[PDB]
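Reading the structure
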Amino acid sequence: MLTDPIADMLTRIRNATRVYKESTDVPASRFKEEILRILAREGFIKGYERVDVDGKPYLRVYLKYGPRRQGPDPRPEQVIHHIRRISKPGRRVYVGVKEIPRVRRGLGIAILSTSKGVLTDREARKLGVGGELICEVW
Amino acid sequence: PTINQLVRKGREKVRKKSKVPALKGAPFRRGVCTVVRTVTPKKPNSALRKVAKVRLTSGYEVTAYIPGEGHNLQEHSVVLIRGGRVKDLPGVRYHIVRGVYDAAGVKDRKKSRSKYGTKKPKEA
Amino acid sequence: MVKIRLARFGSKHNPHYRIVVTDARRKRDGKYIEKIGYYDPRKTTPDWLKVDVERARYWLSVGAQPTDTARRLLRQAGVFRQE
Amino acid sequence: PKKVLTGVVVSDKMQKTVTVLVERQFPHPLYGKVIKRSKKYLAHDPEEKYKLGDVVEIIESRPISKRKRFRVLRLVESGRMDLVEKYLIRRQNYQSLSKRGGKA
Amino acid sequence: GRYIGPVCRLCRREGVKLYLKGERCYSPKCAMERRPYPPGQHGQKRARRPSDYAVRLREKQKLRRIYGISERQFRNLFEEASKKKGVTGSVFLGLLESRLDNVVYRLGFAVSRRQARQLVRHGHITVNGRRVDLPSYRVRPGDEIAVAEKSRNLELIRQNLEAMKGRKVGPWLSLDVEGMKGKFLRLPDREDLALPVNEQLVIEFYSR
RNA sequence: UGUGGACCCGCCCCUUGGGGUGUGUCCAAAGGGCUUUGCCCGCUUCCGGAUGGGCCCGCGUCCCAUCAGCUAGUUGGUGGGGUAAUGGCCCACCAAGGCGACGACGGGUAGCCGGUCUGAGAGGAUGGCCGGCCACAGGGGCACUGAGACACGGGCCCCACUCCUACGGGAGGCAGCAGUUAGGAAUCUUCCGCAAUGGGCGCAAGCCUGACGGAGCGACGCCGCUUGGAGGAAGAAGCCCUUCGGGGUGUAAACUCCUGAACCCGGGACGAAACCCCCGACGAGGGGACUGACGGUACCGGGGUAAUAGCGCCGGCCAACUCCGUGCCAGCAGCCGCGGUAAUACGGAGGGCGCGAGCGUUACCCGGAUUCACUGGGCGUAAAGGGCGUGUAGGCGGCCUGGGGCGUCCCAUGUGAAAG
Ligand SMILES: [Mg+2]
Ligand SMILES: [Mg+2]
Ligand SMILES: [Mg+2]
Ligand SMILES: [Mg+2]
Ligand SMILES: [Mg+2]
Ligand SMILES: [Mg+2]
Ligand SMILES: [Mg+2]
Ligand SMILES: [Mg+2]
Ligand SMILES: [Mg+2]
Ligand SMILES: [Mg+2]
Ligand SMILES: [Mg+2]
Ligand SMILES: [Mg+2]
Ligand SMILES: [Mg+2]
Ligand SMILES: [Mg+2]
Ligand SMILES: [Mg+2]
Ligand SMILES: [Mg+2]
Ligand SMILES: [Mg+2]
Ligand SMILES: [Mg+2]
Ligand SMILES: [Mg+2]
Ligand SMILES: [Mg+2]
Ligand SMILES: [Mg+2]
Ligand SMILES: [Mg+2]
Ligand SMILES: [Mg+2]
Ligand SMILES: [Mg+2]
Ligand SMILES: [Mg+2]
Ligand SMILES: [Mg+2]
Ligand SMILES: [Mg+2]
Ligand SMILES: [Mg+2]
Ligand SMILES: [Mg+2]
Ligand SMILES: [Mg+2]
Ligand SMILES: [Mg+2]
Ligand SMILES: [Mg+2]
Ligand SMILES: [Mg+2]
Ligand SMILES: [Mg+2]
Ligand SMILES: [Mg+2]
Ligand SMILES: [Mg+2]
Ligand SMILES: [Mg+2]
Ligand SMILES: [Mg+2]
Ligand SMILES: [Mg+2]
Ligand SMILES: [Mg+2]
Ligand SMILES: [Mg+2]
Ligand SMILES: [Mg+2]
Ligand SMILES: [Mg+2]
Ligand SMILES: [Mg+2]
Ligand SMILES: [Mg+2]
Ligand SMILES: [Mg+2]
Ligand SMILES: [Mg+2]
Ligand SMILES: [Mg+2]
Ligand SMILES: [Mg+2]
Ligand SMILES: [Mg+2]
Ligand SMILES: [Mg+2]
Ligand SMILES: [Zn+2]
């Protein structure tokens, strides 16, 4: 069974993007959906939608890359260079508002799940709350 | 180790083993000579290294090097040791402090005088 | 009983007392119950004596007995003045 | 305020006294993961009103004996040996881990 | 002053005139004339490419040697400067320049720093009208550094202040050659000094 | 005498022994001084304040599992004893319990903390000095007197020891200041004063305070400061290297001039104003007098001599090179490594670098060392996958909804002593 569905999703995307796929599917879950809304809203992914693959609910995530490049290896740059789980079963990580980190001086983001819902580190900071440091992205 | 493991066993702090059981890890230790033989070095060396077996006040019996051109330690003189290996003589881990007790300081030494315990010579 | 006395806080030949409320039994420089002023005998600065009459009066009203030098100073700051 | 704790009654084999197994959770001081640690309190029961499986609140009290500095406040919910079971098995499991053999 | 010993032998080793003797350090006799190479039996030997480390060691020596300050004091000033707010390089230079013995050199009461240092020690100097015989004494904006009223007629103090007539002084300072009074207007800025030292190498020397 | 308070029983309000009330019983006192026929110091019972303290509870507090079982006052109950008070605190009786791998029991080590050192941080190490708590007063036990002690300079007994002894028997306990002796690599004056702050007792005068305030010795640490300042040869002598022509030490010196640490003379403190006494009410307020150990010291003014320098290092790491002596010797050496005849690595010398009243050495702590890795590591062949499986505890856990709100997050508030 999947031991950590969020870690899984983050990875499917890590994997899919590294071989430049058009998109990738991930088992559907409300929580995962709230996280995708961030990724989309922040411009890491074109967006995502709810498809039903072989009778079961999935979320097609449409990935996003840069332009083709010059020289040896014309592979596009990644939009999502990095994306790593922070809190995980076995080692849950919670932060207070004064402890929310600053991913790459702001050039990146940290998705945390608060009692006010899933928020980026800037969002959560404004709202003035903290919670579980879900992941990190840049 | 998984986090749970570290929770269960934690990490282990290693221990520093003394390289000079000059007991009570004092800075120096007083002793009395019992032997004052010579010893042959090892590796790519050769010479008659001067050494002394000292019956220490710390209830220890150890060999100490006798640094300097020439010495005057007899098979019964009181001396002080500081601890310092002699890379060439395995087993020798302490040095005898020249200039303290029955250990005369090196005579006619002008350079590193402070070590070898030798007073500043006069001049005019 | 509890006292209002001076606790020594300067440095050698540089005395700076700290007017405190403490139990009679403590070291003169030990743990006090409250600081209610300070006093520089040598008057090295214009501000060589502060007191806080308000507080000095609260303790006096509940038992605190000042030493002779303590009251001399408390008075100089009008702790007992009732005019 | 007198500390109030909630736990399960594991022992009953005592006169006017019951053992309450109280658990607590907290982040590991160094490794972060939330860990569960437990403790048994001998609580006072003048009327022998509570039994095994009773989840009761315990309140900080004036000493009743050595070991007994807690009294059973109220019942939170009863019957539930699933909790007593963990304790019992975990107790019996002690047969295997030792020097002498044991069908643990 | 300090160090006490051949001084021009330091300029030599630093390969840069550290102007610290007054006259001579101008006249074709500063040794740096017809003798620019460092002291010793090997002074003229073809120098070997210096090590990254040797480079910072000499730059820190060049600076400290300019003010005639001990390593103990230099370091304590640098540490103080380090923890202080603002570019440590400048703040450090700002502090060195705030030493009384230095301000005396800067105001011309003394031709060199070693002289200035001796003037301060022997009580010939006065800060805000009070005698201050501490070379390390730290001048602060607004202070008036004068010549002790009882030393105003010293053969040395005369010729020295005579030479200051018409002569300009540091923009962060100001002096009245008449009343032999000086004024510390403000801490000098990096741009105000013309030191033969890249103080960046000094900051680096203390992180090794 | 009974304001009152204590106890038994009852009732009421509270609600684990809090507060009220009724009957009954029980419980008080000390006198002294005069600026004497009042006022001061004090006495008694009670309610309360303040301060100090006892006891209890949650959580946190080192190493070894080559220590895995431990326990019978043990765990609990009833009654009693005891105490200011809860409690197996202690005792009689009854029950059979209690504790342990979330590490009992056993062994090793250790006073804990504010803090201190180090570290980018997380953390590591530590707990001298100062402040708080604890514990102990030759070792062991015990209680008496007290508000308080099981009482360092109080008492009793046992033990070890020293001492006196008319041998029967007694006297002692510096982990108080100072000092002696022993041990040790190593740690101070048998000092001055109670002038100040603090303490005890006294109405006060005042007495007592090795608390303390000071001085003494030790570079043991930190900071400040001196051994000079400016001029002075294309460059003395000596030493020194030399392709013998010169090169170096060196503006260094000499020397010229200037200042003037030491030291002399003179003046000379702050720290002290209270207590006290007078006026005034022994009050507020006003007035007055006495009082300095440090010390004839700090500091101020006048006079005035150029007047200590050392230690480590120079093969690489690591800033600094030459000659000579030595010849796997003598010896260096933190790690690499040097020395078996041209040695920048030994010894000396000249020169040089570094630091300078110090410089080195030894020891020990943190760092670098992501070299136990939480931040921040690994296991095919470098050290590291268990010979395999079954499975207990434990760890971990798919998608949707709802309740709770323990974990988690937020606001407010209390606490977080002083020193640092
Ligand atoms: Mg060594
Ligand atoms: Mg040497
Ligand atoms: Mg004069
Ligand atoms: Mg560093
Ligand atoms: Mg009555
Ligand atoms: Mg009641
Ligand atoms: Mg009643
Ligand atoms: Mg009644
Ligand atoms: Mg009378
Ligand atoms: Mg049993
Ligand atoms: Mg009982
Ligand atoms: Mg009782
Ligand atoms: Mg029994
Ligand atoms: Mg144990
Ligand atoms: Mg101990
Ligand atoms: Mg720190
Ligand atoms: Mg680190
Ligand atoms: Mg720390
Ligand atoms: Mg600590
Ligand atoms: Mg001590
Ligand atoms: Mg202390
Ligand atoms: Mg106590
Ligand atoms: Mg003793
Ligand atoms: Mg009693
Ligand atoms: Mg005694
Ligand atoms: Mg001895
Ligand atoms: Mg006194
Ligand atoms: Mg007194
Ligand atoms: Mg000169
Ligand atoms: Mg008096
Ligand atoms: Mg009158
Ligand atoms: Mg008066
Ligand atoms: Mg001279
Ligand atoms: Mg070397
Ligand atoms: Mg080098
Ligand atoms: Mg030889
Ligand atoms: Mg040779
Ligand atoms: Mg050779
Ligand atoms: Mg040589
Ligand atoms: Mg580490
Ligand atoms: Mg590794
Ligand atoms: Mg292998
Ligand atoms: Mg295998
Ligand atoms: Mg096997
Ligand atoms: Mg779940
Ligand atoms: Mg579970
Ligand atoms: Mg729920
Ligand atoms: Mg909650
Ligand atoms: Mg809070
Ligand atoms: Mg607060
Ligand atoms: Mg504080
Ligand atoms: Zn020059």
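Each value, and the rule that gives it
Residues numbered from 1 in each chain as written, not as in the entry; some residues may be left out. Chains lettered and ligands numbered in written order. Part of a larger assembly, values for the part shown. Heavy atoms only, no water. Contact = heavy atoms within 4.5 Å. Polar contact = N/O pair within 3.5 Å; in protein donor to acceptor, adjacent residues only side chain to side chain. Nonpolar A, V, L, I, M, F, W, Y, C, P; charged D, E, K, R; others polar. Near = heavy atom within 4 Å. Helix = DSSP H or I, 4+ residues; strand = E, 2+ residues; numbered from the N terminus. Buried < 20%, exposed > 50% of the residue type's maximum accessible area, 1.4 Å probe, protein only. Pairing = 2+ DSSP bridges. Axes fitted to C-alpha atoms, helices over the stretch in contact; angles between N-to-C directions. 1 Å grid on protein atoms, 1.4 Å probe; cavity = no way out; pocket = protein on both sides within 12 Å on 5 of 7 lines; lining within 4 Å. Points joined across faces, edges and corners; volume = space filled by probe spheres on them. Domains from an automatic or database assignment. Arc of directions from axis to C-beta. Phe/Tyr/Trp six-rings, centres within 6.5 Å; stacked < 30°, edge-to-face > 60°. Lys NZ or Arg CZ within 6 Å of the ring centre and 35° of its normal.

Judging from the entry metadata, X-ray crystallography is the method by which this structure was determined, and 2.8000 Å is the reported resolution.

1. Considerations on the interface of chain D and chain B
Contacts between the two partners involve four residues from chain D, matched on the other side by six residues from chain B. The tally of links from chain D across to chain B stands at one residue pair in polar contact. Partitioned by chemical class, the residues of the side of chain D that touches chain B number two nonpolar, one polar and one charged.

2. Digging into the protein's contact with RNA strand F
In the vicinity of RNA strand F there are 196 residues, among which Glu69(B), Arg109(B), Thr69(C), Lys66(D) and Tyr94(D) approach most closely. Those atoms of RNA strand F that come within 4 Å of the protein belong to sugar or phosphate at a rate of 80%. One nitrogen or oxygen atom from the side chain of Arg113(B) is found 2.5 Å from a phosphate oxygen belonging to RNA strand F. Tallied by class, the residues present in the surface near RNA strand F amount to 61 nonpolar, 48 polar and 87 charged.

3. Focus on unusual backbone geometry
Among all residues save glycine, negative phi is the norm, and among peptide bonds the norm is trans. Residues and elements named next belong to chain A. At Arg104, a position not held by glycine, the phi torsion is positive, near 45°. Mapping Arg104 onto the fold places it in the loop between strand 5 (94-95) and strand 6 (111-114). For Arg104, a relative accessible area of 48% translates into the label partly exposed.

4. What to know about the sheet that holds strand 3 (residues 144-147) of chain E
With antiparallel pairing, the five strands of this open sheet are ordered in space as 2-1-3-5-4 (chain E). The two strands at the open ends of the sheet, each matched to only one other strand, are strand 2 (130-131) and strand 4 (175-176) of chain E.

5. Some points on the sheet that holds strand 7 (residues 117-120) of chain A
Residue and element names in this part refer to chain A. Taken in spatial order, the four strands of this open sheet run 5-8-6-7, and their pairing is antiparallel. Each edge of the open sheet is held by one strand with a lone partner, namely strand 5 and strand 7. With three bridges connecting them, strand 6 and strand 8 (residues 131-133) associate as antiparallel partners. Across the sheet, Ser113 pairs through a bridge with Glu132, a residue of strand 8. Here helix 2 (residues 30-42) sits on the sheet in contact with strand 6 and strand 7, set at roughly 25° to strand 7.

6. A look at the environment of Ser11(C)
With respect to the helices, strands and loops of the structure, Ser11(C) is situated in the loop between strand 1 (2-8) and strand 2 (17-23). Distance in space between the C-alpha atoms of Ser11(C) and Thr67(C) is 22 Å, their sequence separation being 56 residues.

7. Re the layout of surface pockets
Residues and elements named next belong to chain E. Counted as a void, the largest pocket has a volume near 810 Å³. Looking at the largest pocket, it is lined by 31 residues, and the ones nearest its centre are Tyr19, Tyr26, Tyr105, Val111 and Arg167. Elements represented by at least two residues in the lining of the largest pocket include exactly helix 5 (100-106) and helix 7 (155-162). Split by residue class, the lining of the largest pocket holds 19 nonpolar, five polar and seven charged. Mapping the lining of the largest pocket onto the domain boundaries places at least three of its residues in each of domain 1 (1-96 + 194-208) and domain 2 (97-193).

8. Describing helix 7 of chain E
Residues and elements named next belong to chain E. Three or more residues of helix 7 are buried, namely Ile157, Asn160 and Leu161. Along helix 7, the residues classed as buried sweep out an arc of 90° about the axis, all on the same side. Tucked inside the fold, the buried residues of helix 7 contact helix 6 (113-121) and strand 3.

9. Considering the packing of aromatic side chains
Applying the stated criterion to the full structure yields ten aromatic pairs over all chains. Between the aromatic rings of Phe78(E) and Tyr206(E), the centroid separation amounts to 4.8 Å while the plane-to-plane angle is 40°, which identifies the pairing as tilted. Placement of the pair is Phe78(E) in helix 3 (residues 71-83) and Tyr206(E) in the segment after helix 8 (199-205), with a sequence separation of 128 residues. These aromatic residues form a ring-pair network of at least three members: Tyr53(E), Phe74(E), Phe78(E), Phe92(E), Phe205(E) and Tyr206(E). Geometry around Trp48(C) places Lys43(C) over its ring, the cationic atom sitting 5.7 Å from the centre. A cation over an aromatic ring shows up here: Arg113(E) above the ring of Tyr67(E), its NZ or CZ 4.8 Å from the ring centre.

10. Some thoughts on helix 6 of chain E
All names here are of chain E. Inspection of helix 6 places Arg113, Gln115, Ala116, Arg117, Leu119 and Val120 among the buried residues, and these make up the whole buried set. Tucked into the core, helix 6 has its buried residues touching helix 2 (52-67), helix 4 (88-97), helix 5, strand 1 (125-127) and helix 7. Where helix 6 begins, one side-chain oxygen reaches toward the backbone nitrogen of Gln115, 3.2 Å away; that side chain belongs to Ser112. Downstream of helix 6 by one or two residues, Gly123 has phi in the positive range, about 65°.

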